[PDB]
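Some notes on the structure that comes next.
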Protein chains: 2
Amino acid sequence: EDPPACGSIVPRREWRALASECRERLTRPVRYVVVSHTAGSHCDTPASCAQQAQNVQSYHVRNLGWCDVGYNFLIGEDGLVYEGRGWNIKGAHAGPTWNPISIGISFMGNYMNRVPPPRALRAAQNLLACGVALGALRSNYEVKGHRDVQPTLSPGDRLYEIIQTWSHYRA
Amino acid sequence: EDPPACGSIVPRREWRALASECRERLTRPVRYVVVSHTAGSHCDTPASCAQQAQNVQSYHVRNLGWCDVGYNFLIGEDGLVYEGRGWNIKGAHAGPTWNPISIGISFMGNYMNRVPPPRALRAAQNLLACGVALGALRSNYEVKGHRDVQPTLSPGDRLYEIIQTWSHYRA
Ligand SMILES: O=C(O)CCCCCCc1ccccc1
């Protein structure tokens, strides 16, 4: 109910996620991948990271009135990937130009003057490979940083310099 | 063989592991996977689990004189996979008949009265799919309990029950 899934992802129900009401779909295979940071509190355990994903979703749903947490996936410093909207549902991370053509993944915390531990970066790339494997991402997939497509500081000076070293990253 | 490397694994250096002195290799592709528990302390965090891996390698090397932590991989309740001897190197987990033909996976903890969390189970299972995709395991590969191939309680009643439900399990 219903998992044989992939790159070890914590499912919605596991992090006590309110149900999603979002219906719009993404046409896979998908082209772009946007990396952002939540700009929120960071966590480094599964217990604290479950709570943080829960907290981010709540702010998005109760306060901004969105159908679900905005990101397709969330990455905690505990080294785990948190299921947001998933591979199929259009996200709300990068504005209306990019939300229907990209998969937004978000690192939990502020990474302006901080860096995510390797395990988080590992989970992230693994997450991405796991995407292609399923057909959601297209192998040619390109990684853009949040600030490359929107006036924002996200994902942070420090995380942004790292993702530039990634092999699939295009400016 | 196949460029696309698989899954997330915490590398030896990251959990501060003593250099291995172990040299006997396994013949790819391995047919059997044997699941054990450590019957030791459990840890739920990246930090506390790295320590535990260290404690276990320590005890195997310093007190029992093995060339390396005996298991090929360890699984923590933090939902992470810790690297041991790896895919290509014979371990010291299940006796001499079995060590040369199987892969040893141990869950860090005593799973007699406790089941490991879903995230632990997810990593263990994902790890195996990675083995198959990498070519280190046989697509048909068979999972066995430690107690099926040795007189032992490992991997613990609770955990034993669970692995019996895996589709690759054969007693
Ligand atoms: O783990 C890997 O990277 C190799 C491929 C594993 C993909 C998950 C297997 C699966 C996918 C969809 C439905 C059931 C199982």
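Hydrogens, waters and symmetry mates are skipped; everything else that's a heavy atom, side chains included, is used. Chain identifiers are assigned alphabetically (A, B, ...) following the order of the sequence lines, protein sequences preceding nucleic acid strands; residue numbering begins at 1 within each chain.
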* Asked: Between A:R122 and B:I9, is there a donor-acceptor pair closer than 3.5 Å when you use the side chain of the first and the backbone of the second?
  -> yes

* Quick one: does B:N126's side chain have a donor or acceptor within less than 3.5 Å of a partner on A:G7's backbone? -> no

More than 12 non-hydrogen atoms from neighbouring residues, nucleotides or ligands closer than 6.0 Å to [atom1] on [X], yes or no?
| X | atom1 | result |
| --- | --- | --- |
| A:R16 | CZ | no |
| B:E24 | CD | no |
| B:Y141 | OH | yes |

* Asked: Which atoms of B:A129 come close to chain A, meaning under 4.5 Å heavy atom to heavy atom: side chain ones, backbone ones, both, or neither?
  -> neither

* Please round to the nearest 0.5 Å and tell me the distance separating atom CG of A:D44 and atom OG1 of B:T45. => 7.5 Å

* Spacing of A:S8 atom OG and B:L80 atom CG [to the nearest 0.5 Å] -> 8.0 Å

Are [X] and [Y] joined in one hydrophobic group, where the rule is that I, L, V, M, F, W and Y side chains link up if heavy atoms are under 4.5 Å apart?
| X | Y | value |
| --- | --- | --- |
| B:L121 | B:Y160 | yes |
| A:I103 | A:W66 | no |
| A:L159 | A:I105 | yes |

* Asked: Using non-hydrogen atoms only, which part of A:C130 is less than 4.5 Å away from chain B: side chain, backbone, both, or neither?
  -> neither

* With only heavy atoms counted, which part of A:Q125 is less than 4.5 Å from chain B, the side chain, the backbone, both or neither? -> neither

* Structure fact -> Checked A:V132, A:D78, A:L127 vs chain B; the most non-hydrogen pairs under 4.5 Å come from A:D78

